[PDB]
Amino acid sequence: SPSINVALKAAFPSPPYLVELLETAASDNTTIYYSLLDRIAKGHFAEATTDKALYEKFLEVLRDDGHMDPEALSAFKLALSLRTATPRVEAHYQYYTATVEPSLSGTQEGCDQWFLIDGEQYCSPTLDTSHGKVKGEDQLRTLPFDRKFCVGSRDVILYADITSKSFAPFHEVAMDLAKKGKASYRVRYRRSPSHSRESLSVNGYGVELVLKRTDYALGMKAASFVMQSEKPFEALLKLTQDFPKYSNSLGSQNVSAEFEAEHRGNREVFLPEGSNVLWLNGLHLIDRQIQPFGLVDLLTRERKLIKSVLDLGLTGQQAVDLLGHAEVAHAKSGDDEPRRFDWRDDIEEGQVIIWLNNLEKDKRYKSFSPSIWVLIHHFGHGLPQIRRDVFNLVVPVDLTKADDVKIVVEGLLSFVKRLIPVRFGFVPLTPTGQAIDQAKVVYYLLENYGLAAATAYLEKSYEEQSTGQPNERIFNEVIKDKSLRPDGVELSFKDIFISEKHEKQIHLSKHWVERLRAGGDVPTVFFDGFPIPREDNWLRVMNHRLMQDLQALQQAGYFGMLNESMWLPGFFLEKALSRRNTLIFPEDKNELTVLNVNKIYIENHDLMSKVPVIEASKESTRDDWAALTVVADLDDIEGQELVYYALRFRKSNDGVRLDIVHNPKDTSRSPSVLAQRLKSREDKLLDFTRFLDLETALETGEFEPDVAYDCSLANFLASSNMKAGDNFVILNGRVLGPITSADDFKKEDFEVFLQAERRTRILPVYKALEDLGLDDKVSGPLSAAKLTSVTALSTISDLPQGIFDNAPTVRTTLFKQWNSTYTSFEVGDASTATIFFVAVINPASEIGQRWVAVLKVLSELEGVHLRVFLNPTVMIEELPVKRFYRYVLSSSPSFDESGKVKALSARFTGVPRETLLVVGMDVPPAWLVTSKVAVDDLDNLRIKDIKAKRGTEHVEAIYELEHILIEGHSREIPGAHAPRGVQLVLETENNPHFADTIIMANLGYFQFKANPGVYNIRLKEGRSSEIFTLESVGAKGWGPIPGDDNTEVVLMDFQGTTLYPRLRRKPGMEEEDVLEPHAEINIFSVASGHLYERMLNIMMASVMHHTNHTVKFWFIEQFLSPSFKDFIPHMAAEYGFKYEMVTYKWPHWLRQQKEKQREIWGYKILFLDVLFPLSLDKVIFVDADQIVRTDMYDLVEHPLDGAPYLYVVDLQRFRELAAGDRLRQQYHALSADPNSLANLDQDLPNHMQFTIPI
């Protein structure tokens, strides 16, 4: 038979089978994790014979008993076949070997499950007879895979090994520990050493067999041919795998027969040619979203969202038309559009903003008429010239730094100089020390001398030097140059420290900035109310709105409502609110942190009942109803004070379902009695005249410690990601954090939150349902809070807008709009469905085959309405599908003979015999797959040749995965600029100098090479720990979040750890990290194919014999065949030189390539300086053909001076001006259009020969 046999195997060994079940079934359920850990210590699971008969017991338990529904049993089986949760188990294997062992300083007598209590080791299960001691970085770090079994005054850990039966009692020892509310418990799994080197045969991969000789109406003959073989989903794929072979059959048995000809009312109504916008229940997907491992990690949160309302009283069809609705295009189109704000200084008392423009009284604008009607009748793309104040701008300035001062000095004084009919001004910021001392001179000069002098100093300060500490002798100049016209109050001189220039103005300078929160991560600008972020580029946001203000006001003019007696600045400040609560109206207006309120109060039977609730009385209407969750620390003066103001807020509105869950600071102080102080007097709640009435009820009530209450909280706080002591106000699911004090959210802000939330989410949730037919499932605040939390997970993109490539989640209703007949059908379960893949795929596509095979496996899920379409594209001149696919994805757990863990692989029967097929690996974008188990060729897979070469038509080549990426991106504060040049050494306690990948210009790119394990990330001592400092390596989103200062990253998945750290400057120095304050000779070369390998080899032999010195080597792993890998150490000993191998990965933002040749030149010249680590300098790549007779000394010993690089790698100049990082954006501009490169490894560096030297 003619069949290549390709399997994929992970480098890391197989985890035990019982615990693979124990993590997929009990993944995130705090309850379900410790329950499946009891049936093994009972007998049920510890009874099994083989690996088949252990999974079996799980399923019937996780269905009839009360774990999971059957429309997820098959999904459990599927993830178990794909071994998805397997790397998660290797994090415990690694934490033990790299952190648990360095503390473990004793003898394992035979105490299989040695306990960890109070920094001491106890082999004995009764505790008070030790065996060892705990060292440095304590294991009591709350790692997110040893979940919280209640809480207590002392934190305890155990390392159970379930493969051994000795775990049964030792596990039960600390089961009672947390039960009686005495201590906290968590189970971290143990390395079972009795295991074999059983390889983890990974799947979720595709097998590409490209055609090198590819170049010796078809997408319509084949298109009409699937609705002719009468197998709508099974026969669609039976073309998608071997299309390059099955092209002749498209000329035999009425293959044309244009019936789907009238079915060309598809593109001219919904979507153009040559694209596949795969729909998921309402939202749009991309490539980095539609694949194997990167898709099921997204099919469960939608599942949770949907059923949330089929309990309230709806269906899966009446949920897709409810989420993909007209009113849900407000979940995103609403928060970005801001509220009006108040900036008037007359609340401070006219003492803060200082003005450059004075439009009405200016003696430079008199040329215009002072009447209002000037703007009413105005024409042109430009601005309405007038002598009256309509527009206002306020810009804060950090006087010590030169970046913000430069703006008044230039930016503002340019718009004033260029006659803009807008009033520009600013406030002298008073935050970081010195800018306060340099703000008094600004007020001294303007009140006591005039506008000239203050501005003069500012400019003349910037032009001369830029005074860090206010300069006096340059101030004497400004005095003795403009000392005339001292209006209001007269001179003081030199030492400013009086009762006004010093006092009033600086105090009220801070009063006004705090009232509208600007001083921080975002130095926020203003303009006729509405906020403006200055975290990167302010110029765009206020300028687009600038044109939109005048035509908005013109409508009021058109109607005459604008009287001649009306102040034009105080027009946009009519709605306007006092204090901008940033928690309600964020900086980044597209970022609503909402965790489904229905998902919270539903699997926590004690915590969601023992809460002092005040229902939204049935005395009032429907839209008032809302469940303001108030989770706060009532044992603190800035946590119990918000509880009483929220209570007071309920008094005013009968639409408040109040919640007062105690969030205690003190862990030994069992929460329940504090909650019982408010649950005892819950009947007559919010009937308290003063705060003192609430403060006397928290002393009277020494209740019994209900330890059952504190354990359900330990299941809620972890799920909702919450902190203790610090507070968070919630309404229908919307978190505001970190509520430092009760001043951040007074009662006069509880209404403001109800305004915006009613506006954006509350009201439209009822309107979507009113024009639908199910308006009777809005039971009180309850349903309405579940609805306003389901529709919030629709506008939350999985990927922050501006990294991978946009991914804007938009829920619309056009997916199902297309006449559904010829190329249309709905295979699978429909009305009783859970996941709704209403799809639209074209058969002529490079990855459309992969999606046909991925969605085949997702279709096999119980209750899926995978609707399928078929748009017939025509735009092709050469072969559309140049490759032979086969997707390795299985639903029912793959099981072997006596139940062993079976291998999911790929095969090609009856495949072509006279075409070379390049075996390439298309698998999630974080897999350092390398070829290691082969005998034949990568570039050469003719079937007729191997039929003789090895003796049969079969192939026994097996590829090997060895690395799971940690791809990420670095940012900066204030400006989110690129932190490039920074050197970072990712490291564990056990493995110090491990690996280092530099930050690059493309939004601070980095990607660390590692396998499942617990890591941290250092900056190497060169320049980093002097001018740059990482506050938090953002392992938890772009955010930020008050509980993620974690400079620790742990990996145990497939897609890597998407790390978004927030590196910040040390205050002071711009001074770029990219610029300065084994052997002496080395060489690298590229290779692909057994023939390419041998022509490379003779170059290595004719380069370690001609020269009298030491030469190391640096070729690239995956391209090389296993034939070559068992060859280099041989020539490295008899000749006497050194091997070593380097490799990297093209990110999801950089132009990938089709045929494996263009790929090679991408990695060769752009990926150069990052391939080799920092502990190197000179490399001498020479093409895999030449021979070096020369002494290789006058190749390293060669002056370059400005020239970075058949080349001369100088990793000192290559890091100084970052020519590799430059060639990245150089290739980005000349790869979109193939109208610039014949080749890319010798034409990209020669185009920039004058700029980037040789």
# chains A, B, ... in the order shown; residues from 1 in each chain; ligands from 1
$ residues_around --residues "range 709-716 of chain A" --least-positions-apart "4" --cutoff "10 Å" --atoms "only C-alpha atoms" --output "JSON, numbers by chain"
{"A": [28, 29, 30, 31, 147, 148, 149, 150, 151, 152, 178, 179, 180, 181, 184, 599, 600, 601, 603, 604, 605, 606, 607, 608, 609, 610, 661, 662, 663, 664, 667, 669, 670, 671, 672, 673, 675, 705, 720, 721, 722]}
$ residues_around --residues "residue 443 in chain A" --least-positions-apart "6" --cutoff "10 Å" --atoms "only C-alpha atoms" --output "number ranges by chain"
A: 351-352, 354, 428, 449-451, 454, 500-502, 505-506
$ write_last_selection --atoms "C-alpha atoms" --output "compact mmCIF listing (two decimals), in the first residue's frame"
# COMPACT_ATOMS: atom_id res chain seq x y z
CA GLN A 351 -7.72 79.35 41.13
CA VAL A 352 -6.21 76.48 39.03
CA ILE A 354 -4.11 79.17 33.56
CA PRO A 428 0.70 73.16 36.56
CA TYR A 449 3.81 90.34 36.38
CA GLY A 450 1.51 89.21 33.51
CA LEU A 451 1.05 86.35 30.99
CA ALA A 454 5.29 83.07 33.11
CA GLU A 500 -0.87 82.71 48.19
CA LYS A 501 1.71 82.11 45.36
CA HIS A 502 2.84 79.13 47.45
CA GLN A 505 -2.86 77.99 44.03
CA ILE A 506 -0.81 74.78 44.64
$ residues_around --residues "residue 274 in chain A" --least-positions-apart "4" --cutoff "12 Å" --atoms "only C-alpha atoms" --output "ChimeraX atom specification"
/A:219,267,840-848,870-876,880
$ residues_around --residues "range 2-13 of chain A" --least-positions-apart "4" --cutoff "6 Å" --atoms "only C-alpha atoms" --output "number ranges by chain"
A: 197-202, 905-910, 953-962
$ write_last_selection --atoms "C-alpha atoms" --output "compact mmCIF listing (two decimals), in the first residue's frame"
# COMPACT_ATOMS: atom_id res chain seq x y z
CA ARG A 197 9.56 6.95 29.42
CA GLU A 198 6.06 6.69 27.89
CA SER A 199 6.05 9.42 25.22
CA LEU A 200 3.17 11.92 25.20
CA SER A 201 2.04 11.36 21.58
CA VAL A 202 0.60 14.86 20.95
CA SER A 905 -1.22 9.82 13.89
CA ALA A 906 -1.62 10.61 10.15
CA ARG A 907 -1.44 8.56 6.94
CA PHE A 908 -1.62 8.97 3.14
CA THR A 909 -3.03 6.01 1.12
CA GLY A 910 -3.12 5.94 -2.69
CA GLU A 953 5.82 2.27 -0.39
CA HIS A 954 5.30 2.98 3.35
CA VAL A 955 7.14 5.62 5.42
CA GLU A 956 7.97 5.33 9.13
CA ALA A 957 8.94 8.99 9.73
CA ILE A 958 7.79 10.51 13.08
CA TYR A 959 8.11 14.22 13.90
CA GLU A 960 8.81 15.46 17.44
CA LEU A 961 7.53 18.46 19.44
CA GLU A 962 10.10 19.70 21.96
$ atom_distance --atom1 "CA of residue 531 in chain A" --atom2 "CA of residue 629 in chain A"
27.5 Å
$ select_by_dssp --residues "range 107-332 of chain A" --states "strand (DSSP E)" --output "MDAnalysis selection string"
chainID A and resid 115:117 120:122 156:158 199:200 206:211 279:280 283:284
$ residues_around --residues "residue 795 in chain A" --least-positions-apart "4" --cutoff "7 Å" --atoms "only C-alpha atoms" --output "MDAnalysis selection string"
chainID A and resid 331:332 809:810
$ residues_around --residues "residue 557 in chain A" --least-positions-apart "3" --cutoff "10 Å" --atoms "only C-alpha atoms" --output "list in words"
residues 372, 373, 375, 376, 377, 551, 552, 553, 554, 560, 561, 562 and 563 of chain A
$ write_last_selection --atoms "C-alpha atoms" --output "mmCIF file, in the first residue's frame"
data_model
loop_
_atom_site.group_PDB
_atom_site.id
_atom_site.type_symbol
_atom_site.label_atom_id
_atom_site.label_comp_id
_atom_site.auth_asym_id
_atom_site.auth_seq_id
_atom_site.Cartn_x
_atom_site.Cartn_y
_atom_site.Cartn_z
ATOM 1 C CA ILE A 372 -23.474 83.769 18.280
ATOM 2 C CA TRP A 373 -25.026 83.478 14.780
ATOM 3 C CA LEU A 375 -21.091 79.813 13.739
ATOM 4 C CA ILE A 376 -24.756 78.992 13.039
ATOM 5 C CA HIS A 377 -24.095 79.936 9.366
ATOM 6 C CA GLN A 551 -21.746 70.739 13.962
ATOM 7 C CA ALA A 552 -23.413 69.265 17.107
ATOM 8 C CA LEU A 553 -23.954 72.809 18.504
ATOM 9 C CA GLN A 554 -25.101 73.997 15.005
ATOM 10 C CA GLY A 560 -33.017 78.580 17.844
ATOM 11 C CA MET A 561 -32.934 76.898 21.307
ATOM 12 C CA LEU A 562 -29.556 78.674 21.713
ATOM 13 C CA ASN A 563 -30.711 82.130 22.973
#
$ atom_distance --atom1 "CA of residue 1231 in chain A" --atom2 "CA of residue 1253 in chain A"
21.1 Å
$ residues_around --residues "residue 732 in chain A" --least-positions-apart "2" --cutoff "10 Å" --atoms "only C-alpha atoms" --output "PyMOL selection string"
chain A and resi 594-598+625-629+657+730+734-735+757+761-762+781-789
$ select_by_dssp --residues "range 801-946 of chain A" --states "helix (DSSP H, G or I)" --output "compact mmCIF listing (two decimals) with N, CA and C atoms, in the first residue's frame"
# COMPACT_ATOMS: atom_id res chain seq x y z
N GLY A 848 -8.56 26.65 4.33
CA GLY A 848 -9.96 26.27 4.35
C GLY A 848 -10.12 24.77 4.51
N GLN A 849 -9.14 23.98 4.06
CA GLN A 849 -9.14 22.50 4.23
C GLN A 849 -8.99 22.16 5.70
N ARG A 850 -8.10 22.87 6.40
CA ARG A 850 -7.81 22.71 7.84
C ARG A 850 -9.07 22.98 8.65
N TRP A 851 -9.86 23.98 8.27
CA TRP A 851 -11.08 24.36 8.99
C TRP A 851 -12.17 23.34 8.70
N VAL A 852 -12.21 22.78 7.49
CA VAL A 852 -13.17 21.70 7.14
C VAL A 852 -12.95 20.51 8.07
N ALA A 853 -11.70 20.21 8.43
CA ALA A 853 -11.29 19.07 9.27
C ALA A 853 -11.35 19.38 10.76
N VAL A 854 -11.06 20.61 11.16
CA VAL A 854 -11.18 21.07 12.57
C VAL A 854 -12.66 21.11 12.96
N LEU A 855 -13.49 21.76 12.17
CA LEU A 855 -14.95 21.88 12.40
C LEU A 855 -15.64 20.54 12.20
N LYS A 856 -15.04 19.56 11.51
CA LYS A 856 -15.56 18.18 11.44
C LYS A 856 -15.60 17.57 12.85
N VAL A 857 -14.50 17.74 13.56
CA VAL A 857 -14.30 17.20 14.93
C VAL A 857 -15.15 17.97 15.94
N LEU A 858 -15.34 19.27 15.74
CA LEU A 858 -16.20 20.11 16.61
C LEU A 858 -17.67 19.83 16.34
N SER A 859 -18.02 19.32 15.14
CA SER A 859 -19.38 18.94 14.76
C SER A 859 -19.80 17.70 15.58
N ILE A 943 6.91 8.57 -4.13
CA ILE A 943 6.54 7.21 -3.65
C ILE A 943 7.29 6.13 -4.47
N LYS A 944 7.55 6.37 -5.74
CA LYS A 944 8.26 5.38 -6.60
C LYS A 944 9.71 5.17 -6.13
N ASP A 945 10.36 6.20 -5.60
CA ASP A 945 11.77 6.17 -5.16
C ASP A 945 11.92 5.35 -3.88
N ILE A 946 11.04 5.59 -2.91
CA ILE A 946 11.10 4.89 -1.60
C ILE A 946 10.63 3.46 -1.77
$ decode --residues "range 321-333 of chain A" --atoms "N, CA and C atoms" --output "mmCIF file, in the first residue's frame"
data_model
loop_
_atom_site.group_PDB
_atom_site.id
_atom_site.type_symbol
_atom_site.label_atom_id
_atom_site.label_comp_id
_atom_site.auth_asym_id
_atom_site.auth_seq_id
_atom_site.Cartn_x
_atom_site.Cartn_y
_atom_site.Cartn_z
ATOM 1 N N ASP A 321 -30.260 34.593 18.224
ATOM 2 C CA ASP A 321 -30.968 35.767 17.670
ATOM 3 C C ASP A 321 -31.114 36.870 18.716
ATOM 4 N N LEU A 322 -30.820 36.568 19.979
ATOM 5 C CA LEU A 322 -30.894 37.507 21.121
ATOM 6 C C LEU A 322 -29.509 38.122 21.348
ATOM 7 N N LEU A 323 -28.448 37.331 21.189
ATOM 8 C CA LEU A 323 -27.055 37.850 21.318
ATOM 9 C C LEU A 323 -26.620 38.537 20.017
ATOM 10 N N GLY A 324 -26.885 37.896 18.888
ATOM 11 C CA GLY A 324 -26.625 38.486 17.571
ATOM 12 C C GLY A 324 -27.770 39.392 17.190
ATOM 13 N N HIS A 325 -27.996 40.434 17.987
ATOM 14 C CA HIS A 325 -29.150 41.349 17.900
ATOM 15 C C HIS A 325 -28.674 42.780 17.580
ATOM 16 N N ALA A 326 -29.631 43.591 17.171
ATOM 17 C CA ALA A 326 -29.465 45.043 16.897
ATOM 18 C C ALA A 326 -29.086 45.792 18.177
ATOM 19 N N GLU A 327 -29.669 45.432 19.317
ATOM 20 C CA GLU A 327 -29.396 46.119 20.599
ATOM 21 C C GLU A 327 -28.065 45.659 21.198
ATOM 22 N N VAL A 328 -27.490 44.534 20.786
ATOM 23 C CA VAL A 328 -26.188 44.079 21.359
ATOM 24 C C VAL A 328 -25.040 44.829 20.669
ATOM 25 N N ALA A 329 -25.275 45.515 19.563
ATOM 26 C CA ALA A 329 -24.303 46.429 18.918
ATOM 27 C C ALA A 329 -24.299 47.761 19.669
ATOM 28 N N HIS A 330 -24.378 47.652 20.996
ATOM 29 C CA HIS A 330 -24.308 48.724 22.013
ATOM 30 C C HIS A 330 -23.476 48.249 23.201
ATOM 31 N N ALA A 331 -23.255 46.945 23.337
ATOM 32 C CA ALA A 331 -22.294 46.355 24.287
ATOM 33 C C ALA A 331 -20.890 46.881 24.039
ATOM 34 N N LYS A 332 -20.570 47.191 22.777
ATOM 35 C CA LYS A 332 -19.297 47.799 22.376
ATOM 36 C C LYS A 332 -19.486 49.236 21.897
ATOM 37 N N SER A 333 -20.505 49.530 21.105
ATOM 38 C CA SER A 333 -20.773 50.898 20.609
ATOM 39 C C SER A 333 -21.528 51.731 21.656
#
